[PDB]
file coords.pdb (PDB, C-alpha atoms and all ligand atoms)
ATOM      1  CA  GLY A   1     -25.097   3.738  11.120
ATOM      2  CA  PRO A   2     -26.179   6.074   8.305
ATOM      3  CA  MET A   3     -26.024   9.189  10.542
ATOM      4  CA  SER A   4     -22.502   8.532  11.828
ATOM      5  CA  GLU A   5     -21.291   7.748   8.306
ATOM      6  CA  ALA A   6     -22.746  10.962   6.854
ATOM      7  CA  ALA A   7     -21.207  12.878   9.775
ATOM      8  CA  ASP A   8     -17.751  11.395   9.050
ATOM      9  CA  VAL A   9     -17.865  12.790   5.524
ATOM     10  CA  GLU A  10     -19.050  16.152   6.866
ATOM     11  CA  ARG A  11     -16.152  16.126   9.338
ATOM     12  CA  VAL A  12     -13.679  15.444   6.521
ATOM     13  CA  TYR A  13     -15.156  18.326   4.510
ATOM     14  CA  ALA A  14     -14.939  20.627   7.544
ATOM     15  CA  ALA A  15     -11.294  19.678   8.065
ATOM     16  CA  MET A  16     -10.607  20.416   4.407
ATOM     17  CA  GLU A  17     -12.228  23.858   4.737
ATOM     18  CA  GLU A  18     -10.068  24.503   7.796
ATOM     19  CA  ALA A  19      -6.876  23.492   5.995
ATOM     20  CA  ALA A  20      -7.738  25.606   2.968
ATOM     21  CA  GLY A  21      -8.458  28.541   5.286
ATOM     22  CA  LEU A  22      -4.885  28.450   6.596
ATOM     23  CA  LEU A  23      -3.943  29.457   3.043
ATOM     24  CA  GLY A  24      -6.738  31.977   2.562
ATOM     25  CA  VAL A  25      -8.306  29.540   0.069
ATOM     26  CA  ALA A  26     -12.077  29.234  -0.228
ATOM     27  CA  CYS A  27     -13.696  25.852  -0.857
ATOM     28  CA  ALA A  28     -16.333  25.042  -3.499
ATOM     29  CA  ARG A  29     -18.647  22.556  -1.777
ATOM     30  CA  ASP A  30     -20.531  21.536  -4.953
ATOM     31  CA  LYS A  31     -17.162  20.570  -6.478
ATOM     32  CA  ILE A  32     -15.834  18.693  -3.463
ATOM     33  CA  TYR A  33     -18.822  17.005  -1.838
ATOM     34  CA  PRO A  34     -19.929  14.832  -4.801
ATOM     35  CA  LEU A  35     -16.399  13.438  -4.898
ATOM     36  CA  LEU A  36     -16.269  12.856  -1.133
ATOM     37  CA  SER A  37     -19.708  11.245  -1.204
ATOM     38  CA  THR A  38     -18.715   8.981  -4.113
ATOM     39  CA  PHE A  39     -15.912   7.714  -1.863
ATOM     40  CA  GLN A  40     -17.702   7.880   1.497
ATOM     41  CA  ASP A  41     -17.185   4.122   2.058
ATOM     42  CA  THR A  42     -13.424   4.625   2.111
ATOM     43  CA  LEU A  43     -13.698   7.583   4.531
ATOM     44  CA  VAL A  44     -15.670   5.533   7.101
ATOM     45  CA  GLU A  45     -13.736   2.230   6.762
ATOM     46  CA  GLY A  46     -11.006   3.370   9.183
ATOM     47  CA  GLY A  47      -7.887   2.227   7.346
ATOM     48  CA  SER A  48      -8.198   5.607   5.670
ATOM     49  CA  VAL A  49      -5.278   7.724   4.495
ATOM     50  CA  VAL A  50      -6.248  11.369   3.967
ATOM     51  CA  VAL A  51      -3.760  14.185   3.231
ATOM     52  CA  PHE A  52      -4.347  17.907   2.711
ATOM     53  CA  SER A  53      -1.489  19.423   0.694
ATOM     54  CA  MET A  54      -0.271  22.934  -0.081
ATOM     55  CA  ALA A  55       2.583  24.367  -2.182
ATOM     56  CA  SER A  56       4.684  27.510  -2.434
ATOM     57  CA  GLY A  57       4.951  30.066  -5.272
ATOM     58  CA  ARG A  58       2.535  29.933  -8.254
ATOM     59  CA  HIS A  59       0.750  27.006  -6.544
ATOM     60  CA  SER A  60       0.183  28.914  -3.286
ATOM     61  CA  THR A  61      -3.603  29.324  -3.692
ATOM     62  CA  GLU A  62      -4.347  25.619  -4.154
ATOM     63  CA  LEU A  63      -5.261  22.961  -1.604
ATOM     64  CA  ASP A  64      -5.155  19.315  -2.698
ATOM     65  CA  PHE A  65      -6.971  16.512  -0.878
ATOM     66  CA  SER A  66      -5.835  12.911  -1.359
ATOM     67  CA  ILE A  67      -7.916   9.925  -0.202
ATOM     68  CA  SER A  68      -7.044   6.223  -0.210
ATOM     69  CA  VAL A  69      -9.457   3.822  -1.967
ATOM     70  CA  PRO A  70      -9.244   0.016  -1.490
ATOM     71  CA  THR A  71      -8.797  -2.110  -4.603
ATOM     72  CA  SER A  72     -11.955  -3.966  -3.579
ATOM     73  CA  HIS A  73     -13.876  -0.777  -4.508
ATOM     74  CA  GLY A  74     -12.740  -1.088  -8.139
ATOM     75  CA  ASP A  75     -10.806   1.367 -10.347
ATOM     76  CA  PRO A  76     -11.620   4.898  -9.030
ATOM     77  CA  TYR A  77     -11.027   6.634 -12.412
ATOM     78  CA  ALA A  78     -13.709   4.499 -14.060
ATOM     79  CA  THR A  79     -15.977   5.496 -11.155
ATOM     80  CA  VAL A  80     -15.401   9.245 -11.510
ATOM     81  CA  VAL A  81     -15.784   9.093 -15.292
ATOM     82  CA  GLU A  82     -18.983   7.045 -15.202
ATOM     83  CA  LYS A  83     -20.524   9.377 -12.597
ATOM     84  CA  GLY A  84     -19.619  12.412 -14.732
ATOM     85  CA  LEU A  85     -17.248  13.814 -12.084
ATOM     86  CA  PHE A  86     -14.422  14.113 -14.641
ATOM     87  CA  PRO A  87     -14.398  14.127 -18.457
ATOM     88  CA  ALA A  88     -12.405  11.304 -20.025
ATOM     89  CA  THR A  89      -9.309  12.608 -21.821
ATOM     90  CA  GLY A  90      -9.292  10.261 -24.817
ATOM     91  CA  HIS A  91      -5.519   9.982 -24.138
ATOM     92  CA  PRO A  92      -3.529   6.895 -22.980
ATOM     93  CA  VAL A  93      -3.588   8.296 -19.440
ATOM     94  CA  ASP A  94      -7.266   7.164 -19.297
ATOM     95  CA  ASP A  95      -6.114   3.548 -19.656
ATOM     96  CA  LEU A  96      -3.131   3.591 -17.368
ATOM     97  CA  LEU A  97      -4.595   2.907 -13.911
ATOM     98  CA  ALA A  98      -6.674   0.010 -15.251
ATOM     99  CA  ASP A  99      -3.739  -1.241 -17.366
ATOM    100  CA  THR A 100      -1.451  -1.085 -14.321
ATOM    101  CA  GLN A 101      -3.805  -3.249 -12.246
ATOM    102  CA  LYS A 102      -4.060  -5.631 -15.201
ATOM    103  CA  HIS A 103      -0.283  -6.166 -15.256
ATOM    104  CA  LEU A 104       0.956  -5.812 -11.688
ATOM    105  CA  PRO A 105      -0.204  -6.526  -8.131
ATOM    106  CA  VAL A 106      -1.786  -3.292  -6.915
ATOM    107  CA  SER A 107      -2.335  -3.170  -3.172
ATOM    108  CA  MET A 108      -4.448   0.015  -2.960
ATOM    109  CA  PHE A 109      -5.659   3.058  -4.888
ATOM    110  CA  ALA A 110      -5.966   6.721  -4.050
ATOM    111  CA  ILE A 111      -7.577   9.778  -5.584
ATOM    112  CA  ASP A 112      -6.595  13.424  -5.495
ATOM    113  CA  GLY A 113      -8.608  16.567  -6.069
ATOM    114  CA  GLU A 114      -8.102  20.287  -5.609
ATOM    115  CA  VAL A 115     -10.597  22.394  -3.683
ATOM    116  CA  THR A 116     -11.177  24.738  -6.658
ATOM    117  CA  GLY A 117     -10.657  22.501  -9.721
ATOM    118  CA  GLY A 118     -12.062  19.167  -8.518
ATOM    119  CA  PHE A 119     -10.713  15.682  -9.356
ATOM    120  CA  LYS A 120      -7.196  15.662 -10.828
ATOM    121  CA  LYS A 121      -5.326  12.395 -10.147
ATOM    122  CA  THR A 122      -5.298   8.689  -9.257
ATOM    123  CA  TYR A 123      -2.611   6.613  -7.540
ATOM    124  CA  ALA A 124      -1.663   2.943  -7.755
ATOM    125  CA  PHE A 125       0.208   1.548  -4.767
ATOM    126  CA  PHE A 126       2.233  -1.606  -5.031
ATOM    127  CA  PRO A 127       2.845  -4.002  -2.112
ATOM    128  CA  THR A 128       5.918  -2.908  -0.192
ATOM    129  CA  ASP A 129       7.256  -6.481  -0.194
ATOM    130  CA  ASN A 130       6.627  -6.813  -3.948
ATOM    131  CA  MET A 131       7.356  -3.542  -5.770
ATOM    132  CA  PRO A 132       8.021  -3.356  -9.488
ATOM    133  CA  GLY A 133      11.053  -1.870 -11.140
ATOM    134  CA  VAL A 134      11.237   0.211 -14.312
ATOM    135  CA  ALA A 135      11.312  -2.858 -16.595
ATOM    136  CA  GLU A 136       8.068  -4.254 -15.196
ATOM    137  CA  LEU A 137       6.376  -0.849 -15.438
ATOM    138  CA  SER A 138       7.496  -0.629 -19.079
ATOM    139  CA  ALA A 139       5.567  -3.836 -19.840
ATOM    140  CA  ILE A 140       2.320  -1.869 -19.335
ATOM    141  CA  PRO A 141       1.313  -0.794 -22.858
ATOM    142  CA  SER A 142      -0.260   2.512 -21.749
ATOM    143  CA  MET A 143       2.854   3.554 -19.776
ATOM    144  CA  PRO A 144       4.531   6.555 -21.435
ATOM    145  CA  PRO A 145       7.388   5.461 -23.724
ATOM    146  CA  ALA A 146       9.423   7.914 -21.632
ATOM    147  CA  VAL A 147       9.559   5.397 -18.780
ATOM    148  CA  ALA A 148      11.434   2.851 -20.897
ATOM    149  CA  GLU A 149      13.432   5.603 -22.591
ATOM    150  CA  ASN A 150      14.758   6.729 -19.192
ATOM    151  CA  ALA A 151      15.499   3.177 -18.000
ATOM    152  CA  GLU A 152      19.257   3.434 -18.513
ATOM    153  CA  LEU A 153      19.270   6.766 -16.662
ATOM    154  CA  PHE A 154      17.179   5.497 -13.732
ATOM    155  CA  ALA A 155      19.444   2.460 -13.346
ATOM    156  CA  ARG A 156      22.619   4.575 -13.448
ATOM    157  CA  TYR A 157      21.364   6.650 -10.508
ATOM    158  CA  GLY A 158      20.041   3.717  -8.473
ATOM    159  CA  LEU A 159      16.352   4.560  -9.005
ATOM    160  CA  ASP A 160      15.071   0.988  -8.944
ATOM    161  CA  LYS A 161      11.983  -0.065  -6.923
ATOM    162  CA  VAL A 162       8.735   1.895  -7.310
ATOM    163  CA  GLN A 163       6.327   1.974  -4.362
ATOM    164  CA  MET A 164       3.518   3.740  -6.242
ATOM    165  CA  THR A 165       2.537   5.658  -9.374
ATOM    166  CA  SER A 166       0.208   8.588  -9.947
ATOM    167  CA  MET A 167      -1.673   9.751 -13.071
ATOM    168  CA  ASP A 168      -2.497  13.417 -13.683
ATOM    169  CA  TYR A 169      -5.371  13.375 -16.176
ATOM    170  CA  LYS A 170      -5.460  17.123 -16.915
ATOM    171  CA  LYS A 171      -1.690  17.398 -17.556
ATOM    172  CA  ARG A 172      -1.342  13.861 -19.015
ATOM    173  CA  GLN A 173       1.580  13.104 -16.721
ATOM    174  CA  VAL A 174       2.756  10.153 -14.621
ATOM    175  CA  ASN A 175       4.802  10.165 -11.441
ATOM    176  CA  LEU A 176       6.989   7.199 -10.475
ATOM    177  CA  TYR A 177       7.592   7.135  -6.704
ATOM    178  CA  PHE A 178      10.921   5.393  -6.186
ATOM    179  CA  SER A 179      11.575   3.730  -2.811
ATOM    180  CA  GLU A 180      14.364   1.802  -1.037
ATOM    181  CA  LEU A 181      16.731   4.634  -1.932
ATOM    182  CA  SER A 182      20.403   3.961  -1.259
ATOM    183  CA  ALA A 183      22.593   6.517   0.488
ATOM    184  CA  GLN A 184      24.757   6.736  -2.663
ATOM    185  CA  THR A 185      21.721   7.740  -4.733
ATOM    186  CA  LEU A 186      20.958  10.666  -2.396
ATOM    187  CA  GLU A 187      24.472  11.972  -1.799
ATOM    188  CA  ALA A 188      25.075  15.482  -3.071
ATOM    189  CA  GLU A 189      27.302  14.419  -5.977
ATOM    190  CA  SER A 190      24.660  11.957  -7.216
ATOM    191  CA  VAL A 191      21.731  14.372  -6.850
ATOM    192  CA  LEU A 192      23.639  17.160  -8.601
ATOM    193  CA  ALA A 193      24.543  14.961 -11.583
ATOM    194  CA  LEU A 194      20.954  13.710 -11.843
ATOM    195  CA  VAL A 195      19.424  17.201 -11.758
ATOM    196  CA  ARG A 196      21.998  18.551 -14.210
ATOM    197  CA  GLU A 197      21.545  15.608 -16.597
ATOM    198  CA  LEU A 198      17.785  16.153 -16.575
ATOM    199  CA  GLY A 199      18.194  19.896 -17.158
ATOM    200  CA  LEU A 200      16.375  20.912 -13.963
ATOM    201  CA  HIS A 201      16.949  23.732 -11.460
ATOM    202  CA  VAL A 202      20.151  23.070  -9.498
ATOM    203  CA  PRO A 203      19.449  23.122  -5.737
ATOM    204  CA  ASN A 204      21.627  24.841  -3.154
ATOM    205  CA  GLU A 205      23.145  23.106  -0.122
ATOM    206  CA  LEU A 206      19.970  23.526   1.941
ATOM    207  CA  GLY A 207      18.070  21.698  -0.798
ATOM    208  CA  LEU A 208      20.777  19.031  -1.074
ATOM    209  CA  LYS A 209      20.670  18.365   2.661
ATOM    210  CA  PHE A 210      16.895  17.964   2.333
ATOM    211  CA  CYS A 211      17.442  15.562  -0.564
ATOM    212  CA  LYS A 212      19.792  13.448   1.567
ATOM    213  CA  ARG A 213      16.887  12.954   4.031
ATOM    214  CA  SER A 214      14.423  11.754   1.354
ATOM    215  CA  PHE A 215      12.367   8.601   1.729
ATOM    216  CA  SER A 216      10.942   8.901  -1.809
ATOM    217  CA  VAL A 217      12.036  10.506  -5.093
ATOM    218  CA  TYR A 218       9.584  10.981  -7.974
ATOM    219  CA  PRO A 219      10.157  12.115 -11.528
ATOM    220  CA  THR A 220       7.190  13.338 -13.636
ATOM    221  CA  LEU A 221       6.990  11.967 -17.184
ATOM    222  CA  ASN A 222       4.671  12.544 -20.114
ATOM    223  CA  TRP A 223       3.600  10.869 -23.360
ATOM    224  CA  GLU A 224       4.906  13.583 -25.735
ATOM    225  CA  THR A 225       8.672  13.285 -25.158
ATOM    226  CA  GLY A 226      11.219  11.407 -23.101
ATOM    227  CA  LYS A 227      12.150  14.556 -21.165
ATOM    228  CA  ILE A 228      11.293  14.423 -17.471
ATOM    229  CA  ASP A 229       9.104  17.417 -16.658
ATOM    230  CA  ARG A 230      10.203  17.795 -13.028
ATOM    231  CA  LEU A 231      11.674  15.879 -10.118
ATOM    232  CA  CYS A 232      10.528  15.773  -6.494
ATOM    233  CA  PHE A 233      12.249  14.753  -3.251
ATOM    234  CA  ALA A 234       9.937  13.795  -0.373
ATOM    235  CA  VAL A 235      10.728  13.809   3.357
ATOM    236  CA  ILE A 236       8.384  12.410   6.018
ATOM    237  CA  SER A 237       8.609  13.870   9.500
ATOM    238  CA  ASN A 238       6.908  15.055  12.645
ATOM    239  CA  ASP A 239       9.237  18.098  12.577
ATOM    240  CA  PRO A 240       7.307  21.239  11.484
ATOM    241  CA  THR A 241      10.434  23.262  10.558
ATOM    242  CA  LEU A 242      11.834  21.329   7.592
ATOM    243  CA  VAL A 243      10.770  23.359   4.549
ATOM    244  CA  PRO A 244      14.023  23.602   2.547
ATOM    245  CA  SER A 245      13.792  27.323   1.815
ATOM    246  CA  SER A 246      15.768  30.243   3.210
ATOM    247  CA  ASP A 247      12.889  32.642   2.482
ATOM    248  CA  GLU A 248      11.378  33.787   5.787
ATOM    249  CA  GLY A 249       7.921  33.919   4.203
ATOM    250  CA  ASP A 250       8.139  30.233   3.257
ATOM    251  CA  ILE A 251       9.618  29.321   6.647
ATOM    252  CA  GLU A 252       6.714  30.991   8.460
ATOM    253  CA  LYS A 253       3.955  29.777   6.118
ATOM    254  CA  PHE A 254       5.014  26.115   6.178
ATOM    255  CA  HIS A 255       5.617  26.041   9.934
ATOM    256  CA  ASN A 256       2.182  27.647  10.368
ATOM    257  CA  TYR A 257       0.539  24.977   8.220
ATOM    258  CA  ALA A 258       2.563  22.146   9.794
ATOM    259  CA  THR A 259       1.427  23.153  13.291
ATOM    260  CA  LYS A 260      -2.212  24.036  12.572
ATOM    261  CA  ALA A 261      -3.451  21.687   9.833
ATOM    262  CA  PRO A 262      -6.378  19.516  11.002
ATOM    263  CA  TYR A 263      -5.910  15.862  11.900
ATOM    264  CA  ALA A 264      -7.926  13.196  13.680
ATOM    265  CA  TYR A 265      -5.227  11.092  15.383
ATOM    266  CA  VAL A 266      -4.883  13.665  18.160
ATOM    267  CA  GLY A 267      -2.669  12.292  20.876
ATOM    268  CA  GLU A 268       0.046  11.779  18.295
ATOM    269  CA  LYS A 269       2.051  14.397  16.457
ATOM    270  CA  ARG A 270       0.953  15.294  12.901
ATOM    271  CA  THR A 271       2.481  13.259  10.085
ATOM    272  CA  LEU A 272       4.031  15.654   7.530
ATOM    273  CA  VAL A 273       5.416  14.927   4.067
ATOM    274  CA  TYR A 274       7.537  17.722   2.584
ATOM    275  CA  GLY A 275       8.421  18.040  -1.083
ATOM    276  CA  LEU A 276      11.267  19.745  -2.922
ATOM    277  CA  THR A 277      10.269  20.017  -6.587
ATOM    278  CA  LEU A 278      12.800  20.911  -9.299
ATOM    279  CA  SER A 279      11.580  21.852 -12.774
ATOM    280  CA  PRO A 280      13.669  23.339 -15.637
ATOM    281  CA  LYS A 281      12.935  26.927 -14.567
ATOM    282  CA  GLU A 282      12.128  26.880 -10.863
ATOM    283  CA  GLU A 283      12.264  25.228  -7.465
ATOM    284  CA  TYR A 284       9.198  25.099  -5.210
ATOM    285  CA  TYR A 285       8.095  23.386  -1.994
ATOM    286  CA  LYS A 286       5.161  21.176  -0.985
ATOM    287  CA  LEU A 287       3.707  20.111   2.362
ATOM    288  CA  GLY A 288       1.061  17.445   2.874
ATOM    289  CA  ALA A 289      -0.346  17.287   6.387
ATOM    290  CA  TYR A 290      -2.038  13.937   6.986
ATOM    291  CA  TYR A 291      -5.588  14.114   8.354
ATOM    292  CA  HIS A 292      -5.782  10.298   8.654
ATOM    293  CA  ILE A 293      -2.755   7.988   8.989
ATOM    294  CA  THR A 294      -2.134   4.232   9.179
ATOM    295  CA  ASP A 295       0.693   1.897  10.201
ATOM    296  CA  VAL A 296       2.399   2.658   6.880
ATOM    297  CA  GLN A 297       3.072   6.287   7.839
ATOM    298  CA  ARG A 298       4.062   5.338  11.394
ATOM    299  CA  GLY A 299       6.549   2.802  10.027
ATOM    300  CA  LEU A 300       8.009   5.370   7.625
ATOM    301  CA  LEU A 301       8.409   7.823  10.506
ATOM    302  CA  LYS A 302      10.251   5.189  12.533
ATOM    303  CA  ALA A 303      12.525   4.333   9.605
ATOM    304  CA  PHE A 304      13.155   7.854   8.291
ATOM    305  CA  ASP A 305      12.411  10.361  11.090
ATOM    306  CA  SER A 306      14.417   8.794  13.959
TER
HETATM  307  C1  LIG A 401      -3.098   8.901  -0.167
HETATM  308  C2  LIG A 401      -1.644   9.137  -0.440
HETATM  309  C3  LIG A 401      -0.714   8.576   0.592
HETATM  310  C4  LIG A 401      -1.212   9.792  -1.504
HETATM  311  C5  LIG A 401      -0.098  10.789  -1.584
HETATM  312  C6  LIG A 401      -0.507  12.055  -2.303
HETATM  313  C7  LIG A 401       0.487  13.178  -2.202
HETATM  314  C8  LIG A 401      -0.044  14.451  -1.623
HETATM  315  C9  LIG A 401       1.745  13.040  -2.606
HETATM  316  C10 LIG A 401       2.141  12.599  -3.973
HETATM  317  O1  LIG A 401       2.674  13.672  -4.743
HETATM  318  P1  LIG A 401       1.675  14.616  -5.567
HETATM  319  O2  LIG A 401       0.583  13.775  -6.132
HETATM  320  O3  LIG A 401       1.322  15.785  -4.710
HETATM  321  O4  LIG A 401       2.610  15.115  -6.768
HETATM  322  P2  LIG A 401       2.407  16.263  -7.880
HETATM  323  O5  LIG A 401       2.560  17.574  -7.156
HETATM  324  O6  LIG A 401       3.481  16.032  -8.905
HETATM  325  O7  LIG A 401       1.022  16.072  -8.440
END

call {"tool": "encode", "arguments": {"input": "coords.pdb", "output": "structure tokens", "more": "lines below"}}
Ligand SMILES: CC(C)=CCC/C(C)=C\COP(=O)(O)OP(=O)(O)O
result
Amino acid sequence: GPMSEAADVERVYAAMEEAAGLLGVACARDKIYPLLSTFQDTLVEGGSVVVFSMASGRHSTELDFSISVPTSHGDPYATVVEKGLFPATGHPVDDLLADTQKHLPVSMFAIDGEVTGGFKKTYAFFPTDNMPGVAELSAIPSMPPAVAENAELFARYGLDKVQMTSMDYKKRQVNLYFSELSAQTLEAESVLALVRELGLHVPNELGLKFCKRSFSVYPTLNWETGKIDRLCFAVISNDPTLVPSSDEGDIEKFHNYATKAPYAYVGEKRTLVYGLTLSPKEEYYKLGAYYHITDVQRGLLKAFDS
């Protein structure tokens, strides 16, 4: 009843404080709780996906929390704007989540916030048995022109089906999360040519071996130019040692987080999603530790972590 529901949200907040504390990061409750409360239904429903994510380098003092939201709830961006939890940008990115649902089957939403800066992003998931390609995404009027402008490039590298998108309202950026990646797409020669053609940081062999393991690859695009801002390779695993860095500080920090981050499906091993992010000037690493998982993550582990 009402007690147990309120306690579930409190438990999620306490887990988020714990995860942030592994980084030395303090949590602002009056920034986080209104957002959690706004989406308390989704946190008690039980098909919940909740991830607490950290990053290396200049992003090392941030903790992001991502929470799935069913489409039955209605567009989550409209909710956060109408409740005053985020100021509308006045930019096409405001329209894009709604526009996407207007044009394509969306199977689920998600939101993302940071413990210090509050709400930052929304996600649109497509059904796994019915994902769009680049051409269908380009039919959405509020999609950045950059998506269509990079269509020939995406096709040349085998970046075809998109499992989900994300919208970053503060940076006015979109991520396309490509799925069903061929082995040719992820071989070293392909990844190198892609990264070089985009003008991004060239990885070393440790990074390339990580890339070969990827289950998802996501470029970031914007509405100002057709240049991709950065490119990320994602690896899902129960292995806590996979951060693709030779720096001992990174190796220790990520293993620490991967073995201590809170989660509620105790009796299983933690689901981890690692990221290798390449921008024009730098490489950096990400690690989301899932607090709540579903069959989707378990299936990805079976397919990609066996
Ligand atoms: C609820 C679910 C399954 C959502 C996944 C959220 C997540 C932490 C990964 C997506 O990349 P990102 O949003 O961290 O990318 P970027 O760093 O470019 O914002």

call {"tool": "atom_distance", "arguments": {"input": "coords.pdb", "atom1": "atom CA of residue A:20", "atom2": "atom CA of residue A:116"}}
result
10.3 Å

call {"tool": "residues_around", "arguments": {"input": "coords.pdb", "residues": "stretch 90-102 of chain A", "least_positions_apart": "2", "cutoff": "9 Å", "atoms": "all atoms listed in the file", "output": "list in words"}}
result
residues 75, 76, 77, 78, 88, 104, 105, 106, 122, 123, 124, 137, 140, 141, 142, 143, 144, 165, 166, 167, 168, 169, 172, 173, 174 and 223 of chain A

call {"tool": "closest_residue", "arguments": {"input": "coords.pdb", "among": "A:257, A:65, A:13, A:154", "to": "ligand LIG 401 (chain A)", "atoms": "all atoms listed in the file"}}
result
A:65

call {"tool": "residues_around", "arguments": {"input": "coords.pdb", "residues": "residue A:119", "least_positions_apart": "4", "cutoff": "8 Å", "atoms": "only C-alpha atoms", "output": "ChimeraX atom specification"}}
result
/A:35,85-86,111-114

call {"tool": "residues_near_ligand", "arguments": {"input": "coords.pdb", "ligand": "ligand LIG 401 (chain A)", "cutoff": "6 Å", "atoms": "all atoms listed in the file", "output": "MDAnalysis selection string"}}
result
chainID A and resid 49:50 53 66:68 110 288

call {"tool": "closest_residue", "arguments": {"input": "coords.pdb", "among": "A:108, A:211, A:303, A:115", "to": "residue A:52", "atoms": "all atoms listed in the file"}}
result
A:115

call {"tool": "closest_residue", "arguments": {"input": "coords.pdb", "among": "A:117, A:216, A:64, A:241", "to": "residue A:30", "atoms": "only C-alpha atoms"}}
result
A:117

call {"tool": "resolve_selection", "arguments": {"input": "coords.pdb", "expression": "the PyMOL selection byres (((chain A and resi 14) around 12) and not hetatm)", "output": "number ranges by chain"}}
result
A: 7-13, 15-21, 26-29, 32-33, 36, 52, 261-264, 291

call {"tool": "closest_residue", "arguments": {"input": "coords.pdb", "among": "A:56, A:231, A:201, A:136", "to": "residue A:251", "atoms": "all atoms listed in the file"}}
result
A:56

call {"tool": "atom_distance", "arguments": {"input": "coords.pdb", "atom1": "atom CA of residue A:219", "atom2": "atom CA of residue A:258"}}
result
24.8 Å

call {"tool": "residues_around", "arguments": {"input": "coords.pdb", "residues": "residue A:305", "least_positions_apart": "6", "cutoff": "12 Å", "atoms": "only C-alpha atoms", "output": "list in words"}}
result
residues 213, 214, 215, 235, 236, 237, 238, 239, 242, 271, 272, 273, 297, 298 and 299 of chain A

call {"tool": "residues_around", "arguments": {"input": "coords.pdb", "residues": "residue A:135", "least_positions_apart": "3", "cutoff": "9 Å", "atoms": "all atoms listed in the file", "output": "number ranges by chain"}}
result
A: 132, 138-139, 147-148, 151

call {"tool": "build_atoms", "arguments": {"input": "coords.pdb", "residues": "stretch 132-144 of chain A", "atoms": "N, CA, C and O atoms", "output": "tab-separated table (two decimals), in the frame of the given file"}}
result
chain	number	residue	atom	x	y	z
A	132	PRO	N	7.43	-3.25	-8.15
A	132	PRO	CA	8.02	-3.36	-9.49
A	132	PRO	C	9.24	-2.45	-9.63
A	132	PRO	O	9.43	-1.49	-8.88
A	133	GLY	N	10.06	-2.78	-10.63
A	133	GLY	CA	11.05	-1.87	-11.14
A	133	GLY	C	10.60	-1.23	-12.44
A	133	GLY	O	9.46	-1.39	-12.89
A	134	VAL	N	11.52	-0.51	-13.07
A	134	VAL	CA	11.24	0.21	-14.31
A	134	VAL	C	10.88	-0.76	-15.44
A	134	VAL	O	10.00	-0.48	-16.27
A	135	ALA	N	11.56	-1.90	-15.52
A	135	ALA	CA	11.31	-2.86	-16.60
A	135	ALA	C	9.89	-3.41	-16.53
A	135	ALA	O	9.22	-3.57	-17.56
A	136	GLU	N	9.42	-3.72	-15.33
A	136	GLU	CA	8.07	-4.25	-15.20
A	136	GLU	C	7.03	-3.18	-15.50
A	136	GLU	O	5.99	-3.46	-16.12
A	137	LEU	N	7.30	-1.93	-15.10
A	137	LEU	CA	6.38	-0.85	-15.44
A	137	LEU	C	6.32	-0.61	-16.94
A	137	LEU	O	5.26	-0.26	-17.47
A	138	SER	N	7.45	-0.82	-17.63
A	138	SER	CA	7.50	-0.63	-19.08
A	138	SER	C	6.69	-1.69	-19.82
A	138	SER	O	6.37	-1.48	-21.00
A	139	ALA	N	6.38	-2.81	-19.18
A	139	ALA	CA	5.57	-3.84	-19.84
A	139	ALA	C	4.09	-3.45	-19.92
A	139	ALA	O	3.32	-4.16	-20.58
A	140	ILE	N	3.68	-2.38	-19.26
A	140	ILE	CA	2.32	-1.87	-19.34
A	140	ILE	C	2.19	-1.07	-20.62
A	140	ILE	O	2.88	-0.05	-20.79
A	141	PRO	N	1.35	-1.49	-21.56
A	141	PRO	CA	1.31	-0.79	-22.86
A	141	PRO	C	0.96	0.68	-22.76
A	141	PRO	O	1.46	1.46	-23.58
A	142	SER	N	0.13	1.11	-21.81
A	142	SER	CA	-0.26	2.51	-21.75
A	142	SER	C	0.74	3.37	-20.97
A	142	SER	O	0.57	4.59	-20.92
A	143	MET	N	1.76	2.78	-20.36
A	143	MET	CA	2.85	3.55	-19.78
A	143	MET	C	3.48	4.46	-20.83
A	143	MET	O	3.72	4.01	-21.96
A	144	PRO	N	3.81	5.70	-20.50
A	144	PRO	CA	4.53	6.56	-21.44
A	144	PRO	C	5.78	5.86	-21.94
A	144	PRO	O	6.49	5.23	-21.15
